[PDB]
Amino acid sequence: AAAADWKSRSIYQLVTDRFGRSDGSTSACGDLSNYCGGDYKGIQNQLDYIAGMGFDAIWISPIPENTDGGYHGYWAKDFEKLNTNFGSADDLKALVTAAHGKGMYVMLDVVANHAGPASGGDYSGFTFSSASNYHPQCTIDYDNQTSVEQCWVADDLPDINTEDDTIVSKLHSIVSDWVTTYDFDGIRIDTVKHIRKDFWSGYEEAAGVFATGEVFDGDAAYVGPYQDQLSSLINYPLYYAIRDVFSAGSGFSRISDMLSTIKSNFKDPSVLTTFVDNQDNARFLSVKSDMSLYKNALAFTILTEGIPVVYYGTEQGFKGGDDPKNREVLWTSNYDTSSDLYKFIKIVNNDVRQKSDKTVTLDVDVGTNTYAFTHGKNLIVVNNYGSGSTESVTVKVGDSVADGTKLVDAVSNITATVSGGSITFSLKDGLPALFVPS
């Protein structure tokens, strides 16, 4: 599918080894650094659980055969073989077919930059099977962009020689063939900053579907130019603003300034992927154990401009810290649809979220501790006061809500009516307020 077809989607990001088991065990995994046993049928069995929160797309782990310990998929060995830990080729096709039958997209995570670690330089059984196929090993100096591109991620992931045309062609065929064989609707591209930027347009063209690229960097002037090559980027610049406001009490000018910086630096903010958690960052609740602040952050993330991503296990209140502690197994939760955050995410992401022709007006009211924006016909009011807050809030409603319009908040059923271009209401437990016109 193309960018236009992704604009109104909402993505559930899962780690395949950690989402679901086909044997229905709920038992804990004793080593989060090695395979825990998740598989495709384990995902397929829970598509109703995912869709019930309003998600209409899933992002899955990379699929190829990995080196030892590559439970996350990012350590490819032979790119053209499947990771047998996750299940059969028929199980992957069946998951995609089942998702499509529910109107859902499947986004494949892809790596072009590197292979997994090779024991003593033995590239036996690797797609790129001779040391000459990789750049010489060196440690990245992240202040030297050519180093970022030529040296080895984590100083041990063999860095594929992306300046050799035969290798470039191979990488193109790898991604094209994954997409066409399994009928993926989009890709999430790993390690984008680690290959020369001009490689990426040819790679997305080979894939033939919408791509969102991972440029792990908070500087929009560094990330933004990559959208000349790729349809979308992972919104790392906004991520830091969201965390600063909701987990560290920054004023909302941090978010309004960052939204301006994104508009200045990205040709199309509307397709950037918005997130507040992922597999490379400690989960929000490990940083700030305040459910009201997290709910505000999630309401903002899901409904602001862009294409939202929610990291699996958010909806069960998962709270693990740094990798691997943020790759908890989900099956211990038994997929509880009565969990606090499941019900909350369903309101935001199923009930309020616009699923076609998404429109957002940012910066309807920028306060110090409050922020209002419109999403569709709804007025979204977020805050960073904290749990327990019952502060009176007054916000402007913007140009499309008439005086005398009755608004009802979908989260806490607060009622407020527009008077003189504003609403005033009292917070409930510091919660975000998602005002729907009567």
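Sequential numbering from 1, following the sequence displayed.
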{"query": "Stretch with the greater mean C-alpha B-factor as recorded in the entry, comparing 163-171 against 135-143", "finding": "135-143"}
{"query": "Stretch exceeding the other in mean C-alpha B-factor - 218-226, 307-315", "finding": "218-226"}
{"query": "Deposited CA B-factor, highest of 13, 417, 10, 16", "finding": "417"}
{"query": "Deposited CA B-factor, highest of 113, 270, 301, 235", "finding": "270"}
{"query": "Third of the chain, ranked by Cα B-factor, where residue 60 sits", "finding": "lowest"}
{"query": "Residue 205 CA temperature factor, ranked by third within the chain", "finding": "highest"}
{"query": "Relative C-alpha B-factor of residue 125, binned into the chain's lowest, middle or highest third", "finding": "highest"}
{"query": "Chain-relative CA temperature factor third for residue 384", "finding": "lowest"}
{"query": "Third of chain Cα B-factors occupied by residue 335", "finding": "highest"}
